[PDB]
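Taken together, the values in this text are just the output of simple stated rules run on the coordinates, not laboratory data. Here Cβ is always computed from backbone atoms with ideal geometry, including for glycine, and neighbour counts include all displayed protein chains.
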There are 2 protein chains.
Amino acid sequence: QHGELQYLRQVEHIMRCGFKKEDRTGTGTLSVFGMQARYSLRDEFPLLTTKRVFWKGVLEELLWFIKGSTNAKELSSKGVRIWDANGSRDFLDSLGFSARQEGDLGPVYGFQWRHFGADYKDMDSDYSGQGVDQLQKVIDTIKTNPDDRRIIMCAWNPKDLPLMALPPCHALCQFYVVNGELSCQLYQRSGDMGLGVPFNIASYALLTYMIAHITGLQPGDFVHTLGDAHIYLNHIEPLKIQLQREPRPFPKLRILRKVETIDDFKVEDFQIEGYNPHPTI
Amino acid sequence: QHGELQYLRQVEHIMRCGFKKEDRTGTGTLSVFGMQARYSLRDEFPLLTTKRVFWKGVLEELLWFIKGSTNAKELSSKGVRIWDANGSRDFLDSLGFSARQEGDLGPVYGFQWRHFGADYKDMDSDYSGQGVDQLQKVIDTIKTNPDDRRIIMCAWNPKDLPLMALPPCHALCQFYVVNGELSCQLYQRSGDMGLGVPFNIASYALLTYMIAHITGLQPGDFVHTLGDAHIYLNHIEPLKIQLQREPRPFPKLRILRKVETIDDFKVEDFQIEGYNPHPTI
Ligand SMILES: Cc1nc(=O)c2cc(CN(C)c3ccc(C(=O)N[C@@H](CCC(=O)O)C(=O)O)s3)ccc2[nH]1
Ligand SMILES: Cc1nc(=O)c2cc(CN(C)c3ccc(C(=O)N[C@@H](CCC(=O)O)C(=O)O)s3)ccc2[nH]1
Ligand SMILES: O=c1ccn([C@H]2C[C@H](O)[C@@H](COP(=O)(O)O)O2)c(=O)[nH]1
Ligand SMILES: O=c1ccn([C@H]2C[C@H](O)[C@@H](COP(=O)(O)O)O2)c(=O)[nH]1
């Protein structure tokens, strides 16, 4: 019945039927290919309870995406340092970007969502009016023709791939509308069930809530589709303890004011109610 | 359990729990959002048996994709009329392509696989060395680094969308490797369960077999993920008759010769074995 049981079953499935694989760095993982879960967004927000999810991070990262920013320093100054390692001088130099400034992640998510097709110079350049604004295109389509089957937002850009500090995990997401409800399916090519995935679920569940607010629709379902679903070997024991835990009722997300555009959203507009996560592992 | 039961249950689920939504054609559909199925490619080929599928069509269409052709007449000259209507004078005029010559479908599938990012002129143009050859990249990645989690081939191009006579249904596909087996996951944003889906399943299964042959691996699984899965109202009755029939064993696909490249593949290299379907409806 509870939505979190689906995630727990997926983690259990990988431990149960996964194959021993390897990484880019070489650490070792248990992996399964092709998984799908469906989380209900009706009167509840999917922020996992068996293990704490960095809420401030998902909120600040998404507002940073919408802003169209590719500067990691703009997210770091907000207290969210999850992209700092990829924007460092050392990492950018190992990829061959020496003339590039520090913090410049290349044409990642934000740039693809707002300026698809545009030529990328640097993080400080003005890209207004350049490229295809997929985000606004999504919102407008939901407002004009909700039955459309092409309401898609793609971050996977083969042409811009060599320039990105890190290739997109969330390659593509599609929206759907029935009975005044807004659903969303995410295609995640690679997902770490131990840390990344629970953060990813929350992020896109928030995106769906945001767009539903602007279009006057109600949040429906969130279909999470995975490509390479893995669990790192050094996390087998902690996750074993997490599987034994009983899920607490999912919290509730509340938007405190009526906003017209997606750009007008602020941290103060969001309120999480009833989030009681289990201790640390 | 037979692999075709997954497809049949999916059709049953859409008639039972689906929603009466609308279409761009305005013909009316029964729709569901977010489905997934897994078809084993180990010593068998997922060519549906409860209804005869046009094998010549899926074979000729795929070699047409690989060739990079966007000329519908180039496919028609082989007895495969599947894209004739999309390339006809009346259809091209209605979309606003009055200057385009017959058969010019625009930057469709084949162009996106071989020349992503290239500026399209027309079907009789030379695009050699232009764009990103995604197909070649996938093959080279599987050979030199099989554990990679970015083995993706994307046909969804927001920039080229308004130029396409036929919008991409199979928007993205990913490849995966374990135990010397190649698996593929396809993200179909829109799929007509009555006609298109059975054809699409065979198409990418064949592609997996093709790439697996060149890379020296064995065909693994074909994961089919759907977005807007639908059934047209006029297809309800003939599908009710298909649900009644019992699945016969899947045929086997045999590659008659050792081919080095994806471009060296020809029709004479393939032969379907043991295909005994039910009378076409
Ligand atoms: C091996 C590996 N697995 C991952 O899932 C992963 C994910 C990201 C990006 N991502 C989408 C993240 C989600 C959550 C995060 C995290 O760092 N949570 C911490 C906060 C760290 C800080 O405050 O600096 C936490 O849970 O406390 S990071 C970057 C490297 C990775 N590396
Ligand atoms: C409403 C609609 N649904 C679809 O799925 C669809 C698919 C295509 C492209 N496609 C993926 C197709 C696969 C097979 C096909 C077909 O017409 N088969 C015929 C033979 C005609 C020929 O000789 O080419 C048959 O089964 O009799 S059409 C074109 C228009 C569509 N229109
Ligand atoms: O939002 C994100 C970002 C990263 N990762 C994890 C998944 C992989 O373990 C790793 C990225 O490695 P590649 O898939 O790019 O090889 O980071 C996620 O799960 N979610
Ligand atoms: O490979 C294909 C090509 C087309 N279609 C069908 C299903 C859709 O109903 C239709 C395309 O219409 P849109 O989804 O683009 O609106 O063609 C498929 O199912 N598979």
Please verify whether the range A:144-152 includes one or more residues that are more than 16 Å from ligand 4 (Cβ to nearest atom) and within 16 Å of residue A:222 (Cβ to Cβ).
-> no
State whether one or more residues within the range A:98-113 are within 11 Å of chain B (Cβ to nearest Cβ), among the β-branched types (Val, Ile, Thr), farther than 15 Å from residue B:154 by Cβ and crowded, with 20+ Cβ neighbours inside 10 Å.
-> no
Out of curiosity, is residue A:22 acidic (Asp, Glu) and over 22 Å from the mean Cα position of the chain (by Cα)?
-> yes
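Results for (1) out of contact with any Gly (no Cβ under 9 Å at 6 or more places or on another chain); (2) closer than 23 Å to residue A:190 by Cα; (3) away from ligand 3 (no atom under 14 Å from the Cβ), shown as yes or no for each residue.
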residue	(1), (2), (3)
A:26	yes, yes, no
A:30	no, yes, no
A:37	no, yes, yes
A:44	no, no, yes
A:78	yes, no, yes
A:100	no, no, yes
A:108	yes, yes, no
For residues in the range A:208-239 being touching a residue at least 12 places away in the same chain (Cβ under 8 Å) and farther than 30 Å from residue B:188 by Cβ, which is nearest to ligand 2 (Cβ to nearest atom)?
-> A:232
Those residues of the range A:193-240 which are of a type in the set (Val, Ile, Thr), within 13 Å of ligand 1 (Cβ to nearest atom) and assigned to a helix (DSSP H, G or I), in sequence order = A:197, A:201
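Taking residue B:182, is it more than 16 Å from ligand 3 (Cβ to nearest atom) and closer than 22 Å to residue A:161 by Cβ?
For residue B:182, the condition - more than 16 Å from ligand 3 (Cβ to nearest atom) and closer than 22 Å to residue A:161 by Cβ - is met.
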So residue B:81 clears everything in (1) touching a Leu at 6+ places or on another chain (Cβ under 9 Å); (2) under 22 Å from residue A:116 (Cα atoms); (3) more than 14 Å from chain A (Cβ to nearest Cβ) except one condition, right? Which one?
-> (2)
Checked the range A:164-205 for anything more than 11 Å from chain B (Cβ to nearest Cβ) and in contact with a strand residue (DSSP E or B) (Cβ under 7 Å, 6 or more places away or on another chain); matches are A:170, A:180, A:193, A:194, A:197, A:200, A:201, A:204, A:205
